[PDB]
>>> print(open('structure_6.cif').read())   # mmCIF, C-alpha atoms
data_entry
loop_
_atom_site.group_PDB
_atom_site.id
_atom_site.type_symbol
_atom_site.label_atom_id
_atom_site.label_comp_id
_atom_site.auth_asym_id
_atom_site.auth_seq_id
_atom_site.Cartn_x
_atom_site.Cartn_y
_atom_site.Cartn_z
ATOM 1 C CA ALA S 1 0.000 0.000 0.000
ATOM 2 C CA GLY S 2 2.991 2.204 -0.649
ATOM 3 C CA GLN S 3 4.934 1.681 2.605
ATOM 4 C CA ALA S 4 8.614 2.318 1.963
ATOM 5 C CA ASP S 5 11.430 -0.168 2.386
ATOM 6 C CA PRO S 6 13.537 1.065 5.329
ATOM 7 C CA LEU S 7 16.811 0.337 3.581
ATOM 8 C CA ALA S 8 15.746 2.361 0.550
ATOM 9 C CA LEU S 9 14.463 5.173 2.816
ATOM 10 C CA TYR S 10 17.852 5.258 4.474
ATOM 11 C CA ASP S 11 19.654 5.505 1.176
ATOM 12 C CA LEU S 12 17.404 8.390 0.056
ATOM 13 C CA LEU S 13 17.917 10.283 3.313
ATOM 14 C CA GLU S 14 21.667 9.743 3.122
ATOM 15 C CA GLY S 15 21.634 11.120 -0.419
ATOM 16 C CA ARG S 16 19.934 14.282 0.795
ATOM 17 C CA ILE S 17 22.370 14.585 3.691
ATOM 18 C CA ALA S 18 25.348 14.231 1.331
ATOM 19 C CA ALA S 19 23.892 16.955 -0.904
ATOM 20 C CA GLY S 20 22.892 19.222 1.980
ATOM 21 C CA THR S 21 19.230 19.079 0.902
ATOM 22 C CA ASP S 22 17.846 17.476 4.063
ATOM 23 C CA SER S 23 15.489 19.606 6.142
ATOM 24 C CA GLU S 24 14.282 18.848 9.666
ATOM 25 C CA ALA S 25 11.015 17.780 8.067
ATOM 26 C CA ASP S 26 12.817 15.385 5.727
ATOM 27 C CA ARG S 27 14.737 13.818 8.611
ATOM 28 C CA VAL S 28 11.630 13.492 10.774
ATOM 29 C CA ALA S 29 9.625 11.964 7.912
ATOM 30 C CA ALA S 30 12.323 9.357 7.421
ATOM 31 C CA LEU S 31 12.296 8.567 11.138
ATOM 32 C CA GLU S 32 8.524 8.190 11.214
ATOM 33 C CA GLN S 33 8.564 5.942 8.179
ATOM 34 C CA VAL S 34 11.326 3.621 9.425
ATOM 35 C CA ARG S 35 9.567 3.380 12.781
ATOM 36 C CA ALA S 36 6.339 2.419 10.985
ATOM 37 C CA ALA S 37 8.056 -0.079 8.684
ATOM 38 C CA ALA S 38 7.798 -3.725 9.607
ATOM 39 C CA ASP S 39 10.902 -5.225 11.214
ATOM 40 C CA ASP S 40 12.124 -8.225 9.212
ATOM 41 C CA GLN S 41 14.446 -9.235 12.122
ATOM 42 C CA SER S 42 17.533 -8.321 10.102
ATOM 43 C CA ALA S 43 20.627 -6.543 11.334
ATOM 44 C CA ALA S 44 20.039 -4.113 8.453
ATOM 45 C CA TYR S 45 16.621 -3.038 9.723
ATOM 46 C CA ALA S 46 18.026 -2.356 13.160
ATOM 47 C CA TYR S 47 21.001 -0.484 11.730
ATOM 48 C CA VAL S 48 18.665 1.763 9.751
ATOM 49 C CA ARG S 49 16.510 2.429 12.800
ATOM 50 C CA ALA S 50 19.625 3.478 14.689
ATOM 51 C CA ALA S 51 21.132 5.513 11.854
ATOM 52 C CA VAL S 52 17.979 7.490 11.104
ATOM 53 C CA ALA S 53 17.402 8.250 14.787
ATOM 54 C CA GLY S 54 21.030 9.366 14.863
ATOM 55 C CA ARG S 55 20.582 11.707 11.885
ATOM 56 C CA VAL S 56 17.578 13.342 13.541
ATOM 57 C CA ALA S 57 19.504 13.677 16.797
ATOM 58 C CA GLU S 58 22.501 15.133 14.946
ATOM 59 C CA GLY S 59 20.301 17.821 13.450
ATOM 60 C CA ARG S 60 19.374 18.755 17.045
ATOM 61 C CA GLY S 61 22.986 19.055 18.213
ATOM 62 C CA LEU S 62 23.033 15.567 19.742
ATOM 63 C CA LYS S 63 20.738 17.030 22.431
ATOM 64 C CA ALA S 64 17.687 14.943 21.477
ATOM 65 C CA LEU S 65 18.394 12.555 24.343
ATOM 66 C CA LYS S 66 15.509 10.143 23.778
ATOM 67 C CA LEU S 67 16.633 9.817 20.159
ATOM 68 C CA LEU S 68 20.195 9.125 21.317
ATOM 69 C CA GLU S 69 18.803 6.264 23.414
ATOM 70 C CA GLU S 70 16.775 4.989 20.458
ATOM 71 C CA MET S 71 20.004 5.010 18.442
ATOM 72 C CA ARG S 72 21.890 3.212 21.177
ATOM 73 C CA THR S 73 19.174 0.588 21.593
ATOM 74 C CA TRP S 74 18.808 -0.155 17.893
ATOM 75 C CA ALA S 75 22.581 -0.225 17.364
ATOM 76 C CA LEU S 76 22.831 -2.868 20.117
ATOM 77 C CA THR S 77 19.931 -4.731 18.514
ATOM 78 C CA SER S 78 21.726 -4.674 15.170
ATOM 79 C CA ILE S 79 24.962 -5.964 16.735
ATOM 80 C CA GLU S 80 23.035 -8.751 18.476
ATOM 81 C CA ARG S 81 21.444 -9.761 15.180
ATOM 82 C CA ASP S 82 24.729 -9.800 13.235
ATOM 83 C CA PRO S 83 27.877 -8.202 14.636
ATOM 84 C CA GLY S 84 29.557 -8.405 11.237
ATOM 85 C CA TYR S 85 26.886 -6.492 9.316
ATOM 86 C CA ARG S 86 28.415 -3.863 7.018
ATOM 87 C CA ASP S 87 31.914 -4.567 8.331
ATOM 88 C CA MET S 88 30.894 -3.654 11.879
ATOM 89 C CA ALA S 89 29.149 -0.379 10.991
ATOM 90 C CA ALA S 90 26.790 -0.635 13.972
ATOM 91 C CA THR S 91 29.697 -1.067 16.404
ATOM 92 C CA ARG S 92 31.405 1.980 14.886
ATOM 93 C CA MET S 93 28.162 3.966 15.200
ATOM 94 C CA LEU S 94 27.813 2.944 18.853
ATOM 95 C CA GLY S 95 31.427 3.906 19.571
ATOM 96 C CA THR S 96 31.026 7.338 18.020
ATOM 97 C CA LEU S 97 27.769 7.852 19.941
ATOM 98 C CA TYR S 98 29.517 7.084 23.204
ATOM 99 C CA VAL S 99 32.617 9.219 22.619
ATOM 100 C CA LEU S 100 30.513 12.198 21.525
ATOM 101 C CA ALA S 101 27.471 11.872 23.813
ATOM 102 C CA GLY S 102 27.945 8.983 26.270
ATOM 103 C CA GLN S 103 27.401 11.293 29.230
ATOM 104 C CA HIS S 104 23.818 11.728 28.005
ATOM 105 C CA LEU S 105 23.032 7.982 27.938
ATOM 106 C CA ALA S 106 22.130 6.033 31.058
ATOM 107 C CA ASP S 107 24.130 2.930 30.087
ATOM 108 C CA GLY S 108 26.661 4.684 27.877
ATOM 109 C CA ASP S 109 30.364 4.890 28.712
ATOM 110 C CA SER S 110 32.288 7.555 26.869
ATOM 111 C CA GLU S 111 35.789 6.157 27.376
ATOM 112 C CA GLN S 112 34.693 2.615 26.511
ATOM 113 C CA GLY S 113 33.359 3.996 23.228
ATOM 114 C CA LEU S 114 37.020 4.229 22.261
ATOM 115 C CA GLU S 115 37.305 0.466 22.760
ATOM 116 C CA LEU S 116 34.485 -0.085 20.277
ATOM 117 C CA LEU S 117 36.215 2.182 17.768
ATOM 118 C CA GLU S 118 39.489 0.316 18.374
ATOM 119 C CA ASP S 119 37.665 -2.987 17.786
ATOM 120 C CA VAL S 120 36.449 -1.782 14.390
ATOM 121 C CA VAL S 121 39.928 -0.560 13.405
ATOM 122 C CA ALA S 122 41.398 -3.917 14.467
ATOM 123 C CA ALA S 123 38.879 -5.868 12.386
ATOM 124 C CA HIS S 124 38.842 -3.450 9.416
ATOM 125 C CA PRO S 125 42.084 -1.476 9.163
ATOM 126 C CA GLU S 126 41.520 -1.122 5.438
ATOM 127 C CA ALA S 127 38.797 1.575 5.747
ATOM 128 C CA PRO S 128 39.904 5.153 6.466
ATOM 129 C CA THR S 129 36.422 5.737 7.924
ATOM 130 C CA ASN S 130 37.461 3.604 10.870
ATOM 131 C CA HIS S 131 40.691 5.524 11.486
ATOM 132 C CA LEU S 132 38.845 8.817 11.159
ATOM 133 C CA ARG S 133 36.211 7.875 13.712
ATOM 134 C CA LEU S 134 38.833 6.525 16.136
ATOM 135 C CA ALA S 135 40.823 9.753 15.841
ATOM 136 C CA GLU S 136 37.636 11.772 16.329
ATOM 137 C CA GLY S 137 36.960 9.916 19.558
ATOM 138 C CA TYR S 138 40.451 10.308 20.995
ATOM 139 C CA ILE S 139 40.361 14.031 20.220
ATOM 140 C CA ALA S 140 36.855 14.447 21.667
ATOM 141 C CA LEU S 141 38.022 12.851 24.913
ATOM 142 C CA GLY S 142 41.140 15.009 25.241
ATOM 143 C CA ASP S 143 43.676 12.334 24.255
ATOM 144 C CA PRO S 144 45.355 13.586 21.088
ATOM 145 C CA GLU S 145 48.462 11.436 21.156
ATOM 146 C CA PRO S 146 46.868 8.146 19.966
ATOM 147 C CA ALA S 147 44.807 10.091 17.463
ATOM 148 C CA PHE S 148 47.828 11.055 15.348
ATOM 149 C CA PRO S 149 48.544 7.651 13.725
ATOM 150 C CA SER S 150 44.841 7.327 12.931
ATOM 151 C CA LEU S 151 44.704 10.842 11.475
ATOM 152 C CA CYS S 152 47.672 9.983 9.311
ATOM 153 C CA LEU S 153 45.972 6.840 7.982
ATOM 154 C CA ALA S 154 42.722 8.674 7.317
ATOM 155 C CA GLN S 155 44.515 11.540 5.570
ATOM 156 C CA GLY S 156 46.596 9.125 3.540
ATOM 157 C CA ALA S 157 43.461 7.491 2.110
ATOM 158 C CA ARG S 158 41.242 10.572 2.209
ATOM 159 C CA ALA S 159 40.129 10.033 -1.390
ATOM 160 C CA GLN S 160 37.998 7.135 -0.111
ATOM 161 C CA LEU S 161 36.226 9.236 2.546
ATOM 162 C CA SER S 162 32.777 10.624 1.797
ATOM 163 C CA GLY S 163 32.409 14.382 1.427
ATOM 164 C CA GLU S 164 30.987 14.569 4.947
ATOM 165 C CA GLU S 165 33.890 12.526 6.277
ATOM 166 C CA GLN S 166 36.418 14.701 4.483
ATOM 167 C CA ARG S 167 34.864 17.796 6.026
ATOM 168 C CA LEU S 168 35.035 16.104 9.444
ATOM 169 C CA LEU S 169 38.683 15.189 8.954
ATOM 170 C CA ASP S 170 39.512 18.633 7.648
ATOM 171 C CA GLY S 171 37.861 20.204 10.680
ATOM 172 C CA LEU S 172 39.954 18.076 13.034
ATOM 173 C CA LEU S 173 43.066 19.046 11.102
ATOM 174 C CA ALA S 174 42.119 22.739 11.074
ATOM 175 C CA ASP S 175 41.631 22.568 14.831
ATOM 176 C CA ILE S 176 45.179 21.285 15.373
ATOM 177 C CA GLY S 177 46.526 24.156 13.239
ATOM 178 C CA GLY S 178 46.450 22.628 9.767
ATOM 179 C CA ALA S 179 47.096 19.377 7.927
ATOM 180 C CA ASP S 180 50.651 20.629 7.334
ATOM 181 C CA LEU S 181 51.430 20.113 11.057
ATOM 182 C CA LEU S 182 50.589 16.393 11.170
ATOM 183 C CA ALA S 183 54.101 15.515 9.988
ATOM 184 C CA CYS S 184 53.100 11.953 9.157
#
>>> encode(input="structure_6.cif", output="structure tokens")
Amino acid sequence: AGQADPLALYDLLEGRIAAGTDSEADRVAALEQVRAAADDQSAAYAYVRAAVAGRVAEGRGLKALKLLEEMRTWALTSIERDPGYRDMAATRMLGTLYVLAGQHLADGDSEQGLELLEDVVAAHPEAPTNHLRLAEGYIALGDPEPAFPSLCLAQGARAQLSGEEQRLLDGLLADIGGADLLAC
């Protein structure tokens, strides 16, 4: 009767986000529709539920605390269903959530979010995404020294980062005084 596939909804929302053409209304509509969609018990469904809740929360400064908990809960559900889904994307998501906003989650642990990010790097060193998110976490938690090798790996393969990821990396590098000071 026209109900959207959650995975396809996610891809459409992510396309808008990449373009910068997502409004609050677009993000909220995606959240409502994935919530309404039937759960097929897959890790993918749960990942999408978490990711879309996360995008809505991100558009509210990560201060939509109930949405952060919905993200946390569905990321854990996804991991329980298949911890290898999308090369551990749900574990990476959960790690980033904790390093950035763990203090706003009852069962979150900010510092242990770094362990999740380390786990993803250990399993999937080939993806600069993983190095970028690990570096982001170390920096967020005031521990720049271990971030530098990860920054160097992310910068070295920056052509494989999404536009959003490149802007994130470039912001971290601007904050340290410029990419020219990494001295990889």
>>> residues_near_point(input="structure_6.cif", point="(26.8, 10.0, 22.5)", cutoff="10 Å", atoms="only C-alpha atoms", output="PyMOL selection string")
chain S and resi 54+57+62-63+65+68-69+71-72+93-105+108-110+113
>>> closest_residue(input="structure_6.cif", among="S:55, S:92, S:131, S:49", to="residue 116 in chain S", atoms="all atoms listed in the file")
S:92
>>> residues_near_point(input="structure_6.cif", point="(1.0, 3.8, 3.2)", cutoff="10 Å", atoms="all atoms listed in the file", output="PDB file with C-alpha atoms, in the frame of the given file")
ATOM      1  CA  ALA S   1       0.000   0.000   0.000  1.00  0.00           C
ATOM      2  CA  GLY S   2       2.991   2.204  -0.649  1.00  0.00           C
ATOM      3  CA  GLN S   3       4.934   1.681   2.605  1.00  0.00           C
ATOM      4  CA  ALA S   4       8.614   2.318   1.963  1.00  0.00           C
ATOM      5  CA  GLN S  33       8.564   5.942   8.179  1.00  0.00           C
ATOM      6  CA  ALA S  36       6.339   2.419  10.985  1.00  0.00           C
ATOM      7  CA  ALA S  37       8.056  -0.079   8.684  1.00  0.00           C
TER       8      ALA S  37
END
>>> residues_around(input="structure_6.cif", residues="residue 83 in chain S", least_positions_apart="6", cutoff="12 Å", atoms="all atoms listed in the file", output="PyMOL selection string")
chain S and resi 42-44+46-47+75-77+89-92+94+116+119-120+123
>>> residues_around(input="structure_6.cif", residues="residue 9 in chain S", least_positions_apart="2", cutoff="9 Å", atoms="only C-alpha atoms", output="VMD selection string")
chain S and resid 4 to 7 11 to 14 30 33 to 34 48
>>> write_last_selection(input="structure_6.cif", atoms="C-alpha atoms", output="JSON list (two decimals), in the frame of the given file")
[["chain", "number", "residue", "atom", "x", "y", "z"],
["S", 4, "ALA", "CA", 8.61, 2.32, 1.96],
["S", 5, "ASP", "CA", 11.43, -0.17, 2.39],
["S", 6, "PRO", "CA", 13.54, 1.06, 5.33],
["S", 7, "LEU", "CA", 16.81, 0.34, 3.58],
["S", 11, "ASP", "CA", 19.65, 5.50, 1.18],
["S", 12, "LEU", "CA", 17.40, 8.39, 0.06],
["S", 13, "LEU", "CA", 17.92, 10.28, 3.31],
["S", 14, "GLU", "CA", 21.67, 9.74, 3.12],
["S", 30, "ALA", "CA", 12.32, 9.36, 7.42],
["S", 33, "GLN", "CA", 8.56, 5.94, 8.18],
["S", 34, "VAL", "CA", 11.33, 3.62, 9.43],
["S", 48, "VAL", "CA", 18.66, 1.76, 9.75]]
>>> residues_around(input="structure_6.cif", residues="residue 56 in chain S", least_positions_apart="4", cutoff="7 Å", atoms="all atoms listed in the file", output="ChimeraX atom specification")
/S:27-28,52,60
>>> closest_residue(input="structure_6.cif", among="S:162, S:181, S:31, S:168", to="residue 18 in chain S", atoms="all atoms listed in the file")
S:162
>>> closest_residue(input="structure_6.cif", among="S:138, S:74, S:85, S:148", to="residue 50 in chain S", atoms="only C-alpha atoms")
S:74
>>> resolve_selection(input="structure_6.cif", expression="the PyMOL selection byres ((chain S and resi 155) around 10)", output="ChimeraX atom specification")
/S:128,131-132,149-154,156-161,166,169-170,173,179,182,184
>>> atom_distance(input="structure_6.cif", atom1="CA of residue 64 in chain S", atom2="CA of residue 80 in chain S")
24.5 Å
>>> atom_distance(input="structure_6.cif", atom1="CA of residue 147 in chain S", atom2="CA of residue 135 in chain S")
4.3 Å
>>> atom_distance(input="structure_6.cif", atom1="CA of residue 175 in chain S", atom2="CA of residue 20 in chain S")
23.0 Å
>>> build_atoms(input="structure_6.cif", residues="range 109-137 of chain S", atoms="N, CA and C atoms", output="mmCIF file, in the coordinates of the input")
data_model
loop_
_atom_site.group_PDB
_atom_site.id
_atom_site.type_symbol
_atom_site.label_atom_id
_atom_site.label_comp_id
_atom_site.auth_asym_id
_atom_site.auth_seq_id
_atom_site.Cartn_x
_atom_site.Cartn_y
_atom_site.Cartn_z
ATOM 1 N N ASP S 109 29.064 4.679 28.065
ATOM 2 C CA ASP S 109 30.364 4.890 28.712
ATOM 3 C C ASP S 109 31.274 5.519 27.674
ATOM 4 N N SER S 110 31.596 6.795 27.893
ATOM 5 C CA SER S 110 32.288 7.555 26.869
ATOM 6 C C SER S 110 33.636 6.927 26.570
ATOM 7 N N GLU S 111 34.450 6.688 27.605
ATOM 8 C CA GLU S 111 35.789 6.157 27.376
ATOM 9 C C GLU S 111 35.748 4.787 26.737
ATOM 10 N N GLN S 112 34.769 3.938 27.111
ATOM 11 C CA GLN S 112 34.693 2.615 26.511
ATOM 12 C C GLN S 112 34.194 2.681 25.068
ATOM 13 N N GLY S 113 33.629 3.815 24.646
ATOM 14 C CA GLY S 113 33.359 3.996 23.228
ATOM 15 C C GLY S 113 34.629 3.918 22.410
ATOM 16 N N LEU S 114 35.762 4.355 22.973
ATOM 17 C CA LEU S 114 37.020 4.229 22.261
ATOM 18 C C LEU S 114 37.365 2.780 22.011
ATOM 19 N N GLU S 115 37.025 1.886 22.952
ATOM 20 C CA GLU S 115 37.305 0.466 22.760
ATOM 21 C C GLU S 115 36.523 -0.086 21.586
ATOM 22 N N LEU S 116 35.255 0.335 21.437
ATOM 23 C CA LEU S 116 34.485 -0.085 20.277
ATOM 24 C C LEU S 116 35.122 0.399 18.985
ATOM 25 N N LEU S 117 35.567 1.654 18.959
ATOM 26 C CA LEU S 117 36.215 2.182 17.768
ATOM 27 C C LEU S 117 37.524 1.455 17.488
ATOM 28 N N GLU S 118 38.280 1.122 18.538
ATOM 29 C CA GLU S 118 39.489 0.316 18.374
ATOM 30 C C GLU S 118 39.142 -1.066 17.819
ATOM 31 N N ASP S 119 38.040 -1.662 18.277
ATOM 32 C CA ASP S 119 37.665 -2.987 17.786
ATOM 33 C C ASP S 119 37.409 -2.939 16.280
ATOM 34 N N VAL S 120 36.748 -1.885 15.809
ATOM 35 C CA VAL S 120 36.449 -1.782 14.390
ATOM 36 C C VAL S 120 37.722 -1.570 13.584
ATOM 37 N N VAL S 121 38.638 -0.734 14.077
ATOM 38 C CA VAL S 121 39.928 -0.560 13.405
ATOM 39 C C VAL S 121 40.701 -1.865 13.352
ATOM 40 N N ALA S 122 40.665 -2.650 14.431
ATOM 41 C CA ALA S 122 41.398 -3.917 14.467
ATOM 42 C C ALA S 122 40.829 -4.902 13.455
ATOM 43 N N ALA S 123 39.514 -4.942 13.312
ATOM 44 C CA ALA S 123 38.879 -5.868 12.386
ATOM 45 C C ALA S 123 38.950 -5.388 10.939
ATOM 46 N N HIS S 124 38.955 -4.065 10.739
ATOM 47 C CA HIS S 124 38.842 -3.450 9.416
ATOM 48 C C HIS S 124 39.790 -2.269 9.281
ATOM 49 N N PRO S 125 41.093 -2.549 9.344
ATOM 50 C CA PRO S 125 42.084 -1.476 9.163
ATOM 51 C C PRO S 125 42.099 -0.891 7.765
ATOM 52 N N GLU S 126 41.468 -1.555 6.819
ATOM 53 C CA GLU S 126 41.520 -1.122 5.438
ATOM 54 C C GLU S 126 40.647 0.084 5.140
ATOM 55 N N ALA S 127 39.744 0.494 6.037
ATOM 56 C CA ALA S 127 38.797 1.575 5.747
ATOM 57 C C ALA S 127 39.200 2.849 6.466
ATOM 58 N N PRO S 128 39.543 3.925 5.754
ATOM 59 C CA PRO S 128 39.904 5.153 6.466
ATOM 60 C C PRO S 128 38.786 5.706 7.325
ATOM 61 N N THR S 129 37.522 5.394 7.031
ATOM 62 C CA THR S 129 36.422 5.737 7.924
ATOM 63 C C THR S 129 36.734 5.338 9.352
ATOM 64 N N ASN S 130 37.272 4.135 9.526
ATOM 65 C CA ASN S 130 37.461 3.604 10.870
ATOM 66 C C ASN S 130 38.545 4.375 11.609
ATOM 67 N N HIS S 131 39.637 4.693 10.918
ATOM 68 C CA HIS S 131 40.691 5.524 11.486
ATOM 69 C C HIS S 131 40.184 6.911 11.808
ATOM 70 N N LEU S 132 39.399 7.494 10.909
ATOM 71 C CA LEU S 132 38.845 8.817 11.159
ATOM 72 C C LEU S 132 37.999 8.827 12.419
ATOM 73 N N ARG S 133 37.100 7.849 12.562
ATOM 74 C CA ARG S 133 36.211 7.875 13.712
ATOM 75 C C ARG S 133 36.970 7.580 15.002
ATOM 76 N N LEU S 134 38.003 6.731 14.952
ATOM 77 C CA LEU S 134 38.833 6.525 16.136
ATOM 78 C C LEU S 134 39.548 7.814 16.533
ATOM 79 N N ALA S 135 40.163 8.481 15.565
ATOM 80 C CA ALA S 135 40.823 9.753 15.841
ATOM 81 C C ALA S 135 39.843 10.768 16.423
ATOM 82 N N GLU S 136 38.660 10.865 15.827
ATOM 83 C CA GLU S 136 37.636 11.772 16.329
ATOM 84 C C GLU S 136 37.370 11.523 17.799
ATOM 85 N N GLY S 137 37.245 10.258 18.177
ATOM 86 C CA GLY S 137 36.960 9.916 19.558
ATOM 87 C C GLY S 137 38.087 10.277 20.501
#
